[PDB]
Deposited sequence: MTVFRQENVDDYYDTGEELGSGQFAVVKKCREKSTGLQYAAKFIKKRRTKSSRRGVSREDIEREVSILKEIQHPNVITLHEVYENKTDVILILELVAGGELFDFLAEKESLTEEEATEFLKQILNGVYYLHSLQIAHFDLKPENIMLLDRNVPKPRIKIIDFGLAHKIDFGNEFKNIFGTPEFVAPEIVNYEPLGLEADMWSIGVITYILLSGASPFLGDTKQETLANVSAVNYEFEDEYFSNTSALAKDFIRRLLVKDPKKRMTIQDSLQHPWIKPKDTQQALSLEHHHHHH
């Protein structure tokens, strides 16, 4: 698929940089015709087929295709796509309250505060999984707050750069995100499905409740080895006043066998979550 090849600067003005990663930089922008504000994500293109730098067009098109499908309060939405020789530029919904990662660095949350966030994340993921979309990169850095100066911040899931349609129940691809958050099947290069996201939610929940990462080692290989072995425990110093039901919820997500792991529907019916 080809995208708009007019200069994006003809139609938008950019402002504050929101952040950057290995292949993308995201800048606040404003559409000239409407005054409405967006986040412009500049994704660097591959400049030869055998190169390892930039993002392959296949990978860019997959992210765009997935984003075009989604419309839900807890997920980022796509406004427009432009491209030039160097970049594909996604004009995305602006979420200006910062990363859940940074919000957490300020606070450990109460179970109420944790479940307020978690319920939104679960609602977003329920929507995605209902459409057979696995996100594959869920972590606090990819959860953005709309406004962080309110008692119960609303959130949106971002960064669909690893997301895939799972129309055959699994994908077998060497899809691989951040060691602290990837499921054992990712670590072991096994077929992957919606279940991998549920593991990541378990890790996120552990972090929300304790401020500690359950599998984090001193090096990435240690973290990955810990994940594969399900080497985590609930340290009493962090979890002494955490309910047994909260621990139960986490325990049923951090399960090595994807078939035995709670699904998104299970998570919404679990007694810690269910109203």
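Numbering the deposited sequence from 1, one finds several regions with no C-alpha coordinates, namely 1, 109, 278-293.
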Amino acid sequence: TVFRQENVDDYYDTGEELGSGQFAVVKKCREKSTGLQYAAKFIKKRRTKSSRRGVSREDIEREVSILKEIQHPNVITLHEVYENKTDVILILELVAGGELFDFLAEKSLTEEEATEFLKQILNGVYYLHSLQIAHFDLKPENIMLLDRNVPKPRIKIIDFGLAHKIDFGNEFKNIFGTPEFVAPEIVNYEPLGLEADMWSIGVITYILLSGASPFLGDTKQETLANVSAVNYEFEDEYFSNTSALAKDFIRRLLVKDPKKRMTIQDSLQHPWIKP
From here on, numbers count along this sequence of modelled residues.
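Rigid core: the largest C-alpha set superposing within 1.5 Å between the two forms.
In terms of root mean square C-alpha deviation after superposing on the rigid core in 8 other deposited structures of this protein, the stretch standing farther out between 117-125 and 166-174 is 166-174. With every structure aligned by its rigid core, 217-225 is the stretch of 59-67 and 217-225 whose CA positions lie farther away in 8 other deposited structures of this protein.
Mean CA temperature factor is higher for 51-59 when stretches 51-59 and 36-44 are set side by side in the entry. Comparing the deposited coordinates for 18-26 and 258-266, the stretch with the larger average C-alpha B-factor is 18-26. Comparing the C-alpha B-factors of 82, 181, 176, 127 in the entry, the top value falls on 176. As recorded in the PDB entry, 146 shows the highest C-alpha B-factor of the residues 186, 131, 198, 146. The PDB entry assigns residue 155 a C-alpha temperature factor belonging to the middle third of its chain's modelled residues. For residue 107, the recorded CA B-factor ranks within the highest third of the chain. Only modelled residues enter the ranking. In the PDB entry, a CA B factor belonging to the middle third of its chain's modelled residues is recorded for residue 192. Residue 95 sits in the highest third of its chain by CA B factor, as recorded in the PDB entry. For residue 232, the recorded CA temperature factor ranks within the middle third of the chain's modelled residues.
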